[PDB]
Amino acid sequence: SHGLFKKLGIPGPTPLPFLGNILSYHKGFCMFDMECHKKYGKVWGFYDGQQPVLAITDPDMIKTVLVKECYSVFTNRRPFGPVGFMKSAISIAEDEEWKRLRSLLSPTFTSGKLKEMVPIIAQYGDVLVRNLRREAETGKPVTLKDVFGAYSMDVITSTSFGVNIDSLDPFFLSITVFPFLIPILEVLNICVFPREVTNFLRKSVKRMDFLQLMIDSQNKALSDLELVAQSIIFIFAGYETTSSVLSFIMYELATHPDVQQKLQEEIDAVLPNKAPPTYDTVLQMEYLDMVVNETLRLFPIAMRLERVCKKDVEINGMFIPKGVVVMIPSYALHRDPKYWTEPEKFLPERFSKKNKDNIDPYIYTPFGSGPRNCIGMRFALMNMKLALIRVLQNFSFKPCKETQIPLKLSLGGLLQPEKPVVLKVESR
């Protein structure tokens, strides 16, 4: 099974028995793909244990997989287990089960449903400023992801269910070499999500908007244990992703103060006298969008986009056998000098309307693409921008003595910083 890429004439690192190429993950997914992208070029292959993974970097080939041949060949991602009842989660579901869930949950982030959330979100931002105004007086370093995650959790519980609360690898290493053990753990009720975290919610969702828009579309319809599984996906997505990217954004503004002031100038221009950010004023701030896009270029929290080839195909002149996991190294593409001038530098001017057109939307894919892209892309941009407006309207951010500069990425599994992002906060 380890000769599939030698057979197909596809270059790649030499795999070891059983382990495949997993030992190369010692520097993390990001550094591995960046090297592989430089070592072999447009297309290479490797083996996650016994699982062959093909990495494509051709924009036409990427557009073919994510968009053109999604409903037919590349519908589902890499299988993930043990999941239990979470198999019905939309990010985990497959084939016709996914198409039904994606349609049922797609009217949750329409342009109208998001506009109803701006008056609701506008509450915890003041809780966010007032929670940040107390550490301000304390005159000391601040952990951003804590006060951001506390804010982000307040938004996700209310935008989907409406609960108001003031919010104040070790084992997956064996999953990839033992994917045959995944069916074993599914019959033991073993779950990668600890069974006490889910049991805290296997009744809490029954113990309770997105929650409204599910039973209303239940009345070939929606179940109830699956309703809990979608809540878990949304609750995690709105918490961790929003807080993590906001931590990355405030770090870049602190280490690049000129961008922070020019951002504060536009915020006070569209919203004078510290005006409350509305839906229409958020989409007007283009420099805010440029700061958001550039930070997502340097830190695409997903790193990779993956699809399982479900039958033999010959896309863009290359045969791909059945079962191969097609992977797009998003972190590697976002830092390729063959597309980005001085790629390691934070430059929001890449996304100005003077330069936003020299950017392939199949190289810069922080939210994926095609029918399986990030379903909450428009909410996440809105939720973060409403948070950046209300915070930068009141505070400036400076690095501290303990601030990690340059920021070391987590050499581990998911895209996070090694040391938590701490900065000094000053009141305007």
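One rule holds for the numbers: they count along the sequence shown, beginning at 1. Under this definition, the rigid core comprises the largest set of C-alpha atoms superposing within 1.5 Å between the forms.
Rigid core fits of the other structures in 9 other deposited structures of this protein place the C-alpha atoms of one stretch farther away on average; of 191-199 and 340-348, that stretch is 191-199. Per-stretch RMS Cα distance to the displayed form in 9 other deposited structures of this protein, following rigid core alignment, is highest for 80-88 when 273-281 and 80-88 are compared. The stretch of deposited sequence separating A275 from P276 contains no residues lacking coordinates in this entry. Per the record, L168 and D169 are separated by 10 or more deposited residues that have no coordinates. Comparing 397-405 with 27-35, the higher mean C-alpha B-factor in the PDB entry belongs to 397-405. Note on 279-287 vs 210-218: mean CA B-factor is higher in 210-218.
Which of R304, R133, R102, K310 has the largest Cα B-factor in the deposited entry comes down to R133. Note on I175, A93, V245, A237: the highest value goes to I175, judged by CA B factor as recorded. Among all modelled residues in its chain, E294 ranks in the lowest third by Cα B-factor.
Residue-level temperature factors show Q416 in the middle third of its chain, judged at the C-alpha atom. In the PDB entry, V187 places in the highest third of its chain by CA B-factor.
For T255, the recorded CA B-factor ranks within the middle third of the chain. Only modelled residues enter the ranking.
Among the modelled residues of the chain, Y339 sits in the highest third by CA temperature factor in this PDB entry.
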